[PDB]
Ligand SMILES: *P(=O)(O)[C@H](Cc1ccccc1)NC(=O)[C@@H]1CCCN1C(=O)[C@@H](NC(=O)CCC(=O)O)C(C)C
């Protein structure tokens, strides 16, 4: 997270930290709990072995609020396109349900087909880098403004307004960045987006997967 602030500890109980493949550091992403046994994240964060940490603030410390659970299945959307980074969404079915408590609980999802007005203020959180030079050990967050699709439509070749959201005012140095992929974009306390990609500079606007477009697939995968 660039341009944000450290989150009040344990105030976003749905946040998940993903350790992808061995050794401990092969790759990292964020995610968010959507049910006691399921975490939503970005498909590009896929790995053969994924260790999910819930209840954390400082991911470099053994905190007593932390629950570490391995992902039993990592279900990438069927049409995920690694080249264009399209349909960048994945469900992680946990090997055991989390023990639900104040520090560990699911976030609300939007209703299907629910859109979002440009200009809307949303919050994104994560353990990603804060600059090209440094990272963070603790959770941070920042408020970003929803942009007109039109703007991303002209900046990123493979942008699809029906499945993605254009996010962040170029005028502010605020953005999700490396390591924040898979994290949620919370708009009025509902998880509307998933951090997907942007410019290597970290300069906004950037692209988030639009969760409300995948509700039927989400619901099918968790039910079935
Ligand atoms: P996530 O893995 O932590 C990451 C998050 C991010 C957000 C905004 C800016 C930079 C990073 N996502 C990625 O690294 C994704 C997934 C692999 C490719 N990708 C990138 O976003 C890349 N950018 C693009 O392909 C667009 C480049 C452009 O139009 O300039 C690179 C690797 C940053």
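We count from 1, first residue shown onward.
This entry, so its header tells us, was determined using X-ray crystallography, 1.8 Å.
Each Cβ is built from the backbone N, Cα and C atoms, and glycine gets one as well.
In Swiss-Prot this protein carries:
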REGION    1-5  region 'Important for antimicrobial activity'
DOMAIN    1-223  domain 'Peptidase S1'
DISULFID  29-45  disulfide bond
ACT_SITE  44  active site, charge relay system
CARBOHYD  51  N-linked glycosylation site
CARBOHYD  51  N-linked glycosylation site
REGION    77-91  region 'Important for antimicrobial activity'
ACT_SITE  88  active site, charge relay system
DISULFID  122-187  disulfide bond
DISULFID  152-166  disulfide bond
ACT_SITE  181  active site, charge relay system
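Annotated features taken from Swiss-Prot, shown on the structure.
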{"residue": "29", "record": "disulfide bond", "Cβ contacts under 8 Å, 6 or more apart": "18, 20, 41, 42, 45, 179, 181, 182, 183"}
{"residue": "44", "record": "active site, charge relay system", "Cβ contacts under 8 Å, 6 or more apart": "80, 82, 85, 88, 181, 196, 197"}
{"residue": "51", "record": "N-linked glycosylation site", "Cβ contacts under 8 Å, 6 or more apart": "18, 19, 68, 69, 70, 71"}
{"residue": "122", "record": "disulfide bond", "Cβ contacts under 8 Å, 6 or more apart": "143, 144, 145, 146, 167, 185, 186, 187, 192, 193"}
{"residue": "152", "record": "disulfide bond", "Cβ contacts under 8 Å, 6 or more apart": "159, 161, 164, 166, 205, 207"}
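With the fewest other C-beta atoms within 10 Å around its C-beta, 187 stands out among the disulfide-bonded residues 166, 187.
Checking the recorded positions 44, 51, 166, 181, 187 against ligand 1, the ones with a C-beta less than 6 Å from an atom of that molecule are 44, 181. Taken residue by residue with DSSP, residue 181 (active site, charge relay system) is part of neither helix nor strand, so it is coil.
For the recorded positions given as 45, 88, 181, the lowest number of other CB atoms within 10 Å of the residue's CB is seen at 45.
Residues in the region 'Important for antimicrobial activity' (1-5) partition by DSSP class (helix H, G, I; strand E, B; coil) as 0 helix, 2 strand, 3 coil. For the region 'Important for antimicrobial activity' (77-91), the DSSP counts in helix, strand and coil order read 0 helix, 4 strand, 11 coil.
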